[PDB]
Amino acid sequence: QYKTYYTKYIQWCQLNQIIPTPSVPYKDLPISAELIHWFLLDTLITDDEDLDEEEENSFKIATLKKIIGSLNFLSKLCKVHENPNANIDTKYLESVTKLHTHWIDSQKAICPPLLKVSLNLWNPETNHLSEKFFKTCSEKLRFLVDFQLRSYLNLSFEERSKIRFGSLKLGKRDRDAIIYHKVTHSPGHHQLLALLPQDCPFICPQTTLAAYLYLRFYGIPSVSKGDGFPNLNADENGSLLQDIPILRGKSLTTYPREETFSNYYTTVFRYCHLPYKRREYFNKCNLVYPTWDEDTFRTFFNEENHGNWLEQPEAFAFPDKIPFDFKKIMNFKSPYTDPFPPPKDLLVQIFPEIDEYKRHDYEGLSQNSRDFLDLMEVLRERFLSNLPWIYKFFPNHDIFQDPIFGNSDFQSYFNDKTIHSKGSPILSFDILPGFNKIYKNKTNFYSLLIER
């Protein structure tokens, strides 16, 4: 029973050269939460079908639990032999089980609030929402970013509100991920979280964030001046970027106040007819990205420490030092596994400071400024690739106030990306796993809009 599972662990240690290949190496076998998880991610999880799928998923979580219980048992047997390195952080493995249980159970259950709120908050014509809190698209998108940061990152309001421009960097192994690397002090603590793009533009945190930044920096052209793009020449090792909040409230310097966000949430969930409990949007979450001790974190992830290993943890199972299953599932994607890119001609007309800094003493900027510019470059690409869809639904959004978007080049891109689908009853982009059947249908998707 125990043996048939824990044997697979030993074979995987042998095959990956974590141990030499000759029985159970009782004394010498390393067992830890991170190796067990890596074993799971290489073998069970990443199993690259209607009623077959439902059964296979149930079976996967049953097997996950049995593998975990088996390796807990193996660890006690190694400890009988005085193995010094068979300690299991069982909380970490309980979060893995809870992560998969939540994913399978919610697929089993199959509108999610993520989609309903996002589509409604992108809508520029929302007469019955609140002219008191949500007069502008900037205010709507500002709210939506906090909402998508909670939905994807499972952070409390207080944690969200500490996100700064300098907190966010592109992944090195996944250049489509934005990584927030949180370091806390009690033996030091590292928690890494990822925002991935979404095929559906309205729930894409990258698209949404970029639209919000677009309005924040440039305002509405005949209407209101923006804050400007940050003065990156003033940045010295993050001095400037670590003080600019990801959302700007009443002053340049502060995230919107919690009491104001409390009202925004109430107002949006009322408008969307969605049940609302403040604690589920404001308080700490039960399921969160894992946090590593400084020692485990530096030692596990340094490939020169482990030159014998065939595959290193960051190659597949923990890209950018985030386990692949958390990264996918917290971004609402399965961990069981651009037709018309935007022309550089158009890219260079929005966020034009990105290119200007690249032209000048680019070399003279701090590394934090260049990491921010590379991030803005990915948000700009995301935003522009999706603008043809946003324009199809919401041509009167504040984004489109710049006379630019009325020009021949922009209109031509907006048309050329979306024309191939104008007569199709089905949306060209995907929605969310388990929801594609229902909501790729245009009529169904449009009906999620409260107004129009």
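Position 1 is the first residue in the sequence shown; the rest follow in order.
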| request: Note how many residues of the deposited chain are left out of the model between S186 and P187; the options are none, 1 to 3, 4 to 9, and 10 or more. | output: 4 to 9
| query | Between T337 and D338, how many deposited residues lack coordinates (none, 1 to 3, 4 to 9, 10 or more)? | reply | 4 to 9
| said: When the Cα temperature factors in the entry are averaged, is it 433-441 or 7-15 that ends up higher? | reply: 433-441
| message | Quick check: 144-152 versus 113-121, which has the larger average CA B-factor in the record? | response | 113-121
| note | One of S58, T43, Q401, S32 has the largest Cα B-factor in the entry, namely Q401
| Out of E139, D105, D295, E314, which shows the largest CA B-factor listed in the entry? | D105
| query | Going by the entry, which third of its chain does the Cα temperature factor of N308 land in? | reply | highest
| task | Would you check the entry's CA temperature factor for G423 and let me know if it's in the chain's lowest, middle or highest third? | result | highest
| request: Within this chain's modelled residues, let me know which third the CA B factor of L51 belongs to: lowest, middle or highest. | output: highest
| task | Would you check the entry's CA temperature factor for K169 and let me know if it's in the chain's lowest, middle or highest third? | result | middle
| note | Assert third(CA B-factor, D89) within chain per record equals middle
